[PDB]
Each structure stands twice: as structure tokens, then as C-alpha cells.
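Here the structure comes first, spelled out in C-alpha cells, and everything after it is commentary.
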Amino acid sequence: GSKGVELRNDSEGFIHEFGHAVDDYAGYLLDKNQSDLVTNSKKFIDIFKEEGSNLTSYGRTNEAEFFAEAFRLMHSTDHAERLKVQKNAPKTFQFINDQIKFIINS
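What follows is the structure, encoded as C-alpha cells:
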């Protein structure tokens, strides 16, 4: 999504969005109904209800954002940023890590 220079929004935005695009392909292929993304499948909105008030305010917007920033944080070059997620959410991290996958390309 990517503005401006790296006042960090560019980079951390682009990968947030990227997580959301992973949720997109995952929802097209997996799940079943209208509900557009793989978010809020598996174990009905559990992970988001608890942990989706802790990672940040974006972790508490739509669940599709909670997942997207969870993706960001999961891979953070600042590895401590990742441990903020596991520490504060010892199941959301594991969720994106369950969905460790291989969408695209490159």
C-alpha cells in the first residue's frame, strides 16, 4: 500500500495488506460461503475475541485486519516484535503459523 518513504507505514502497511491478501486466497480456496476470507473459520471468532484486543487497536478492528497485522508481526525483522505477539497471543501467532503457507510468487 506503501506510502511515503519509510515513516514505516509503507513497509508495515504493505506486509499487513500482504497478510490480508493471503487471507483472500485462503478464503477463495478454503471455507465454503460468501464469507470472503479464511478469517473467522476453524474455531468461530475465538482467537480474535480474546487476542484481538491485545496486539494493537488494529488487532481489534475487523477480524480481517487482526489476521493481516498478525501476519506482519509474525515475520517482523525485529524478532522481538514477533515475541510481543506470541507473549500477548500464544494462539494467534500459532494460527498464522498453522497457516504457514506458500501463496505465490515471485
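Going by the working numbering, the first residue of the sequence shown is number 261, and it counts up by one from there. Where is the CB? At the ideal position from N, CA and C, for every residue including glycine.
Cα-Cα separation between residue i and residue j, rounded to whole angstroms
i	j	result
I356	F327	8 angstroms
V265	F274	12 angstroms
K302	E325	17 angstroms
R268	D358	27 angstroms
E272	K351	22 angstroms
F331	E310	17 angstroms
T337	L289	29 angstroms
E341	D283	21 angstroms
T321	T299	13 angstroms
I305	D291	14 angstroms
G312	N365	30 angstroms
Reference residue i, options the options, closest by Cα
i	options	result
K361	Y285, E266, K302	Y285
residue 231	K263, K347, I364	Here the chain covers residues 261 to 366 and nothing more, so residue 231 does not appear.
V345	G319, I363, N365, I364	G319
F308	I363, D291, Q354	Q354
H280	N293, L297, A349, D270	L297
Own chain, CB closer than 8 angstroms to residue i, minus 5 neighbours either side, in chain order
i	result
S295	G287, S301
Cutoff 6 angstroms; reference residue i; Cβ partners in own chain excluding five residues on either side
i	result
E277	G261
CB contact check: residue i to chain C, cutoff 9 angstroms
i	result
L289	You won't find chain C in this structure, because it holds only one protein chain.
Segments assigned alpha helix (DSSP H), at least 4 residues, entirely inside the stretch 292-342 = 306-310, 323-335
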